[PDB]
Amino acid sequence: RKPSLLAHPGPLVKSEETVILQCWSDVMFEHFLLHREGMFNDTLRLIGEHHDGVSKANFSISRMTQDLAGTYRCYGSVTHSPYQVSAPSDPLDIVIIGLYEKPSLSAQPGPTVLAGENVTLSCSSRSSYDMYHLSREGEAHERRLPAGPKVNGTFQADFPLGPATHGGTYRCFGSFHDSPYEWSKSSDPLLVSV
């Protein structure tokens, strides 16, 4: 059965910073195979630690480097049928952040609104990024929107959040199609209060 691939503390890693890629499953896989797809593809054979009715294995990157960034996927194997590997886990993109200009995140109408008010967060930058990524602290699903208007010599992506329901700290990133595992410096966290 499809294993689970997690990144601790997260897939957005800073250069030279440390990250642990955890491979895990309820199926007792004796070995895990972690595949990286990027500029330098590689596969790592991790030994499965069977414990608590769950098999798990860690791959620790002590100092994050450009060659280690890419789309990781976990496959599981059993010494019973070593030639029959499991279906891959859902792809996990390990991205190096802090490489380009920090975009600016602002709130419309403001960072403090009454419940039901339509909020729209605006991510802007001088650099013409191909995509803007809006991240809500806690959430894993980031929101990608290209840039719509041009304001005061800065390109801007406007993310409509709809009627206000609950608060949150948001951050913003910019990327280029040609460099997919390298993102901008994070925008300064914007706290929305409903």
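One rule holds for the numbers: they count along the sequence shown, beginning at 1.
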Looking at the entry, does 95 to 103 or 119 to 127 show the higher mean C-alpha B-factor?
119 to 127
Mind pulling up the entry and telling me whether 76 to 84 or 109 to 117 has the higher mean Cα temperature factor?
109 to 117
Name the residue from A69, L134, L44, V151 with the greatest C-alpha temperature factor listed in the entry.
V151
Can you work out whether the C-alpha temperature factor of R144 puts it in the lowest, middle or highest third of the chain?
middle
Chain thirds by Cα B factor, record data; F155 belongs to the middle
In terms of its chain's C-alpha B-factors, the third that includes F59 is the highest
C-alpha B factor of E30, ranked within the chain: lowest, middle or highest third?
middle
